[PDB]
Structures are given as C-alpha cells and as structure tokens.
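In: the data below comprise the sequence and an experimental structure of the protein.
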Amino acid sequence: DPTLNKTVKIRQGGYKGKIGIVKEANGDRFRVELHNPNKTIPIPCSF
Amino acid sequence: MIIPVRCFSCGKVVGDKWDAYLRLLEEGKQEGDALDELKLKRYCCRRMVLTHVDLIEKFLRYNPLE
Amino acid sequence: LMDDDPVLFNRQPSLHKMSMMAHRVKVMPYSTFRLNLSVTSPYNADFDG
Amino acid sequence: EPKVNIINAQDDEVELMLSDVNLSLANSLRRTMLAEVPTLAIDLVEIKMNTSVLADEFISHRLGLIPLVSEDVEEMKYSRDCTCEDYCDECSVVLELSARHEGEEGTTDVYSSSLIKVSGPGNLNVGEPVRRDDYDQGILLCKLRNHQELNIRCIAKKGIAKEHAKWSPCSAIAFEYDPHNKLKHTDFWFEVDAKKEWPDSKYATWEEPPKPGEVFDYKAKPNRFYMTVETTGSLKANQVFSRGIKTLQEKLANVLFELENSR
Amino acid sequence: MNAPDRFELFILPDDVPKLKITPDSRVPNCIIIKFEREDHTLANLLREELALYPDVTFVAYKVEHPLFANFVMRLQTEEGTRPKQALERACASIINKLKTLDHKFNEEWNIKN
Amino acid sequence: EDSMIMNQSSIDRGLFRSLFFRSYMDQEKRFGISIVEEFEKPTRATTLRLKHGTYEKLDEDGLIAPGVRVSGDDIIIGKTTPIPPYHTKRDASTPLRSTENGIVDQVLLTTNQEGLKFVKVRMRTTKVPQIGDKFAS
Amino acid sequence: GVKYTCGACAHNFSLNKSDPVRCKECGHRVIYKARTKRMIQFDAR
RNA sequence: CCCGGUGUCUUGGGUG
Ligand SMILES: [Zn+2]
Ligand SMILES: [Zn+2]
Ligand SMILES: [Zn+2]
C-alpha cells in the first residue's frame, strides 16, 4: 500500500477541503490525521 | 495582546473602534465619555475597550529574526 | 467498556468502606467522570479539582 | 391576528413591539435569530507566509470573526450538501490578503479592508467585507514592522451559529415585557419599599400603571413583547427578522412532512 | 479529545430517523414522540400551541440531557381525536400565524423605510 | 458543589483561550576519540531497535521543520549511537510526548561548550477551555 | 539542501551534514531552520 | 516472516 504517510485532501463529507496525512490504511477505512483538529478520524476511501 | 474582534459576552463588533478610542483620549475626553461617543452602551461592550492592554506594541520592538 | 457494565469507583483517601462503591457505566462525551450529586457526601468529594 | 408596531428603525438595529402572540413564540423567535439564521464566515485559512509576531492560528482565529456580507446566502448551498469534488464556485467564496512593510521605521497596520475577494458565486452579493462608510479601514487584524510579511488565502463558507458563534448574525437581543409587573411573574426583592428601590423599565411610559384598588386579573396573559434586534452588519436588520421567521417555518414544515410520510 | 463534533447538533445520521412515534399502551390513546437533532426552540413552540386545543388532555416535553440534541414529547388526547393528527393541526396553525406575522412586518417596514 | 456553567459562545469568541509551548532539547554525546552520536534520518536497514512511530516528518538533516503538525510518538529529532564490536547503530531518537499535539514552531541549531551539535525544538499548541478545566476569582 | 537563517544578519543559505554550524556572513553560531515547503491549514475556530 | 521495548537513585514546588 503506497498511500500511507502521503498528504491528502478530502473531497466529500463534513471535512471536505481539509488537509491530512494517512496515519493507518488497514482496509477501505483510512485513518487520516487531520491537520486542523488534534484527532485522527476514520474515513472511507471514496472520500 | 491586540484588541479583540468581538465582545466576549454579547458579540457586538469592537475591533474597529480601538484607533478611534485612542484619538479621543488625546483630545482630553474622559474614558466614560469616549465610550459614550462610540455608542458602546451595554457595559459588557465597555469592559472590552476600557480594560484591554495593548501588549503588541511591546512585542514589535523585538527585531525581526528573519 | 459498554452500558450497564459495573465498575469499582474510588476516591482517595479511602477512610471507610463507602470510599469504594460499584457504579453502572454510562458512556458520554467530554473528559470528566460524571457523578450524580447525591454521592458526593460519602466520598467527601467535591468538584474543585 | 399577530400585530407589529415598529418603534424605531435603522440599518443595523430594529426596535419593535410584538403583540397578540404567545410567550413561547416570542422566545422561539429570539432563539432562532441568534442561533439558526445562516450567514457566511471564513472557515479555512491557508497560510503561505506569516513572519509576524502573532502566532499562525491566532491570526486565523481573528479572521474567522470578521463579518461578511451575507445578503444572497439563501441561494448558496452548504458545503456538506454539494455534489462536487473539493470546493467550487457554488459552495465557497475565496478571499486573499497580502501585506508587507517596506522601510526601516514605522508600523504597517493590517486592516480588514485589505481582504480582496477573488472568487465566488456569479452575481451573488456575498463574501464582501463589512464596512461602515467608504473611508473606514475596518477591523484591526495584525501589525507589521520592517521585513515582516503576511500572505494568506481564506475560504469562506455558509454556516449556522449552532456550530460556532462566528456565524451568528446578531449580537445582543434586548427583550422584555410587562414593565409594571401586573402579571406578578416576579416577586421583587426590597429592603424598605419595592417601588422606590427598583428602577423603571425604559418602556414604563408605553403601558399604564396598575390601579391601587384594581383587582388581580388571574386570567391575564403576557401579550406585548418589546424587543430590539441588533446586527453586526453581516445582514441588514430587516432581513434578520424576515429570515428568522422563514427559517422557523421550514423547520416546522419538515416536522409536518415527516408525520405524513411515516404512515 | 473527547469533544463531539458541533455539527452533530443538526445533521442527521443516515440510519437515524428525524422523528419516532411509539405507543404508550399503559393508558389509552397516548403516544411518545422522540425528536432527533432538535432543541427547546422547536419543542416549546409546539408545546404551548398544543395546550390551548380543547381536545389535548396532556402535553409535555423534556430535554433529557443538554449534551445530546434531542427531546421527547408525550401527547395524550381524548378518545375522539387521534394524537398524531392533532399534532399536524398544531403545526399548520403556527405556520399560518408566522406567515401572517411575516406579512404584517413587511408592510409596516416599508412605511418606515 | 463549586462547579460553574460557562457560556459556549464566549469561548468561541476567544474567552480564556491560551497558547501552550513545550521545548525539547537534545545534543550529541561523545564516547571516544572519533566515536560520536550523529543527527540523521535513520534508515531501517542500518539501525536496530527503531521506535514504533513514523519517521516521515524528518528532513535529511535529522531535524523536523517548522510548520509541520505533530502528534504523539512521532519522531522529531533523529539520532543514532553506534554499537561497539555492518549493521552498527542503535536509535536514540526523541519522540513527542504521547498525550500531546500541535505545530512545530521554531528549531534552534547550534553547538554547545564542548563543540558537538545541539538542537532545540519548540512546539506550540492552543488550549481551548472545556469541561473540567479550572478557574478561580 | 536545507534552508537555514542567520540569527544575527538574516542571510539565508544551506548546509549539508559535513559543514560547521555557523553563519557564512557574520560567523554567528545560533541558526534556525526555515519554514517547511508544505501548506498549512487552520480552521479559524 | 511472524514477535518487538528502555531506565535507576535523590532534590525543589504544587494538587486534594
Ligand atoms: Zn459587550
Ligand atoms: Zn460547491
Ligand atoms: Zn550572519
């Protein structure tokens, strides 16, 4: 999986337009460490 | 640090009235009267301007690192 | 941990046996433990820190 | 049957009397105007350079509080409801700011008037920085000294005050009724004589005093509600009262829809 | 760290109905209505309106916990009327009063313009 | 019982909000004539007993750069120590405290009295009042 | 390679691993790393 | 190709 630790932008949902980093990519549901709030969200790969 | 944009308690914008307040004090008006002229009638808004302390003038005196 | 699970709750210093009573857990947002106000007395607890 | 009598009016505050309604409706109108009337406000700040003495999120925090012209916001969509990828012209306004101080002396004050609208919805009067006059520099954001620069890109979005108070279209809402306490909803604290020790309402002369020998009307209800709606300039005062009523209608309409669909 | 998202006050999850009606079979003709993602703002408005209707014998609400934006209303009507229908009537009355109220403000506003 | 209700809108406009700063210091130690620790981004192939956190925020000089957000257990200063008698070094890096987050604000690089390299990393975050925080008149 | 900044005269320059820790212009021995290339976003809340 | 952990002894100030 060559998608971990690379910078990401979210294009759908309530967090649309925010920068983040892929913290964990087990399967389908990613963990993005969103730059804004101090938390790591669970998010689907379509987003 | 620098004048707040809004009154904490009620939300009326007070961040555009700081310059006007300092000028009125040079002309010899008293603090109560200066606030009156700016139409800050509720005492929640008055505390914001009357008790702010402008520290940013001090921090700027430190020569830019870059 | 989930609803209705019993847990042992305890506030030092334990001076007598009602310093340790079992409560039912109710999961809630924020970062404090919540107590119904009528149990503050046996723990000699208050909310000043 | 509801009646309104406007006591005073100007651009940013309307003082008015509201009558022949229930207390609960006057209160729900008060709450709706504070909390649920949409406005436009900065919600994302991209800092490409900030060498001022203020911390990055400190400056960003002030930006969120700047009131923006929100007149045409009803035709605009929420970001969370738009079918597009990322952000486009239909769900956001883009603003830009760039300041710098050349010279070894003096201070450059960065004001809200330097916020330049770059992109936004076509022909919609939104995303414009509030200004009293034309020579009014506006809200102080930062201060700069030699070689210090501030170059930021701001994304403004539609939102409501339930999420964050910066989207609130109103400051205070003055509100009172029954200036002579005929309904006896309060029991006055006094040392010697209650009437001399409590000041008069500013609407004491709009309602006659209670007759000394007059009997207690246990059937009287609150019926006249005087309120003043001040705004920040993000919306005009007449729009806030109108859209408060409009917003409250759709919420009740949505409840009505759900009952006739659940069968 | 444990603060919930503030947008959860008004945005409805997809698996969660905005409105849920259940019976209270302990007494005749009584329903429990659970409102999701709503406040005192909506609830108090409906409650007083309903109480002035002659065929509503009981109406009440509670916001069980301010950290969760919901409330639950209890509504009992006499044998003739069906509670759910009566709720629709209360809704339409208030929409009408606010429509009237919006109209009368507009008229008075132009005169002062 | 001595708690208090605070107006959430006042918090939103900035009431009692505060900055918080933490500085981390590290330096290279000497173990012999030419045996010194070295600041670098440690390669997984050559260094044993690596930390579990991510190393992907370090630049090539072994130091993280200002402006990057960091979370707990992330490495912000990479340093190795050689193993005495390839595959010769051992990690001696410093992770961010597990309970914290924020933005790297400024990185000082200099040398100490003994001439070896010396760094300080200051991290800033903002603490917003919430349920449980203490106040007093 | 990596951008730095002189704590005295503010000249910018780069250094690799081998070079001594000083400013080329004035010899000042206190230096600071430059701002990262990546964009930073804040929610203005 | 699984598993994967790092400190001990004292001093000073707080919290309840
Ligand atoms: Zn105020
Ligand atoms: Zn859009
Ligand atoms: Zn120099």
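Out: Received, thanks. Numbering: from 1, shown residues only, chains lettered A, B, ... in the order given. Ligands and ions are numbered 1, 2, ... in the order given.
In: tell me the centre residue of the chain?
Out: Reading this off chain A. residue A:32 (3.0 Å; Cα atoms, centre = their mean).
In: sorry, I should have been clearer: chain F.
Out: residue F:96 (4.1 Å).
In: quick check: it touching residue F:68?
Out: No - applying Cβ atoms under 8 Å, one finds residue F:96 not in contact with residue F:68, separated by 11.3 Å. (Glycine included, C-beta is placed from N, CA and C.)
In: re the thing from before, name the nearest residue to the residue nearest to the centre of chain A, sequence neighbours excluded.
Out: residue A:20 (3.8 Å; Cβ to Cβ, 6 or more residues apart in numbering or on different chains).
In: now whichever strand or helix holds the one you found: buried residues?
Out: Under the criterion of DSSP states H and E, residue A:20 resides in strand A:19-27. Residues A:19, A:20, A:21, A:22, A:23, A:25 are the ones in strand A:19-27 that count as buried (16 or more other Cβ atoms under 10 Å in any protein chain shown).
In: list the residues that contact the nearest residue to residue D:159 once chain neighbours are set aside.
Out: Spatial nearest neighbour of residue D:159, chain neighbours left out: residue D:167 (4.3 Å); criterion: Cβ to Cβ, 6+ apart. When contacts are counted by Cβ atoms under 8 Å, 6 or more residues apart in numbering or on different chains, residue D:167 touches D:38, D:39, D:41, D:159, D:160, D:161.
In: state the number of residues packed around the residue nearest to the second one when sequence neighbours are not counted.
Out: If I follow you right, that is residue D:39. Using Cβ to Cβ, 6+ apart and skipping the chain neighbours, the partner closest in space to residue D:39 is residue D:70 (4.3 Å). If you count neighbours by other Cβ atoms under 10 Å in any protein chain shown, residue D:70 ends up with 29.
In: so who does residue D:70 touch?
Out: Counted by Cβ under 8 Å, 6+ apart, residue D:70 has contacts D:38, D:39, D:40, D:126, D:169, D:234, D:235.
In: and residue D:133, how many residues sit next to it?
Out: Other residues near residue D:133 come to 7 when the count uses other Cβ under 10 Å.
In: phi, psi for the residue in chain E that chain G sits nearest to please.
Out: Using Cβ to the nearest Cβ, the closest approach of chain E to chain G is made by residue E:6 at 9.0 Å. Per-residue torsions, residue E:6: phi -70, psi -30 (degrees, to the nearest 10).
In: ranges for the strands of the chain?
Out: With no chain named, the answer covers chain A. With DSSP state E as the definition, chain A shows strands at residue ranges A:7-9, A:19-27, A:29-33, A:40-44.
In: switch to chain D, that's the one I care about
Out: D:3-9, D:13-19, D:39-50, D:68-70, D:93-100, D:108-111, D:116-119, D:126-129, D:140-144, D:149-159, D:170-177, D:224-231.
In: point out the most buried one among these.
Out: Comparing the strands of chain D by mean neighbour count (mean count of other Cβ atoms under 10 Å in any protein chain shown), strand D:68-70 comes out on top with a mean of 25.
In: follow-up on the earlier one: ok, the residue of chain E closest to chain G - contacts?
Out: When contacts are counted by Cβ under 8 Å, 6+ apart, residue E:6 touches D:162, D:163, D:164.
In: let's see it at 10 Å
Out: By Cβ atoms under 10 Å, 6 or more residues apart in numbering or on different chains, the contact set of residue E:6 is D:159, D:162, D:163, D:164, F:8, F:12, G:45.
In: the residue lying closest to the last one once chain neighbours are set aside: how many residues sit nearby?
Out: Read it as residue G:45. Leaving aside its sequence neighbours, residue G:45 sits nearest to residue D:164 (Cβ to Cβ, 6+ apart; 5.6 Å). Residues near residue D:164, counting by other Cβ under 10 Å, number 22.
In: now residue D:197
Out: By the criterion of other Cβ under 10 Å, residue D:197 has 11 neighbours.
In: go on, the one 3 residues further on?
Out: Under the neighbour criterion other Cβ under 10 Å, residue D:200 is assigned a count of 10.
In: for the closest residue in space to it that isn't next to it in sequence, give me its contacts.
Out: Excluding its sequence neighbours, the residue lying closest to residue D:200 (Cβ to Cβ, 6+ apart) is residue D:179, at 7.4 Å. Going by Cβ under 10 Å, 6+ apart, residue D:179 touches D:200, D:201, D:202, D:203, D:204, D:205, D:206, D:207, D:209, D:224, D:226.
In: on that earlier part again, include distance to residue D:9 when you put the contacts of residue D:70 into TSV, please.
Out: Shown next, in TSV, are the contacts of residue D:70 (distance: Cβ to Cβ, whole Å):
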residue	distance to residue D:9
D:38	23
D:39	21
D:40	24
D:126	24
D:169	17
D:234	18
D:235	15
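In: let me know the closest of those to chain C.
Out: For these, the nearest to chain C is residue D:38 (25.7 Å; Cβ to the nearest Cβ).
In: hmm, residue F:54 is touching residue F:73, no?
Out: Yes - look at residue F:54 against residue F:73 with Cβ atoms under 10 Å: they come within range, at 8.2 Å.
In: now list whatever residues contact both of the two.
Out: Joint contacts of residue F:54 and residue F:73 (Cβ under 10 Å, 6+ apart) are residue F:95.
In: who's more crowded, the two?
Out: Set residue F:54 next to residue F:73 and count neighbours by other Cβ under 10 Å: residue F:54 wins out with 18 against 13.
In: remind me which helix or strand the more buried one belongs to.
Out: Residue-wise, residue F:54 maps onto no helix or strand under DSSP H and E.
In: contact partners for the nearest residue to it once chain neighbours are set aside?
Out: In space, and not counting its chain neighbours, residue F:54 is closest to residue F:74: 5.7 Å by Cβ to Cβ, 6+ apart. By Cβ under 10 Å, 6+ apart, residue F:74 lies in contact with A:33, F:51, F:53-58, F:64, F:68, F:95-96, F:101.
In: make JSON lines from those residues and add distance to residue B:4 to it.
Out: Output for those, formatted as JSON lines (distance: Cβ to Cβ, whole Å):
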{"residue": "A:33", "distance to residue B:4": "31"}
{"residue": "F:51", "distance to residue B:4": "42"}
{"residue": "F:53", "distance to residue B:4": "39"}
{"residue": "F:54", "distance to residue B:4": "38"}
{"residue": "F:55", "distance to residue B:4": "41"}
{"residue": "F:56", "distance to residue B:4": "39"}
{"residue": "F:57", "distance to residue B:4": "34"}
{"residue": "F:58", "distance to residue B:4": "38"}
{"residue": "F:64", "distance to residue B:4": "33"}
{"residue": "F:68", "distance to residue B:4": "29"}
{"residue": "F:95", "distance to residue B:4": "37"}
{"residue": "F:96", "distance to residue B:4": "32"}
{"residue": "F:101", "distance to residue B:4": "26"}
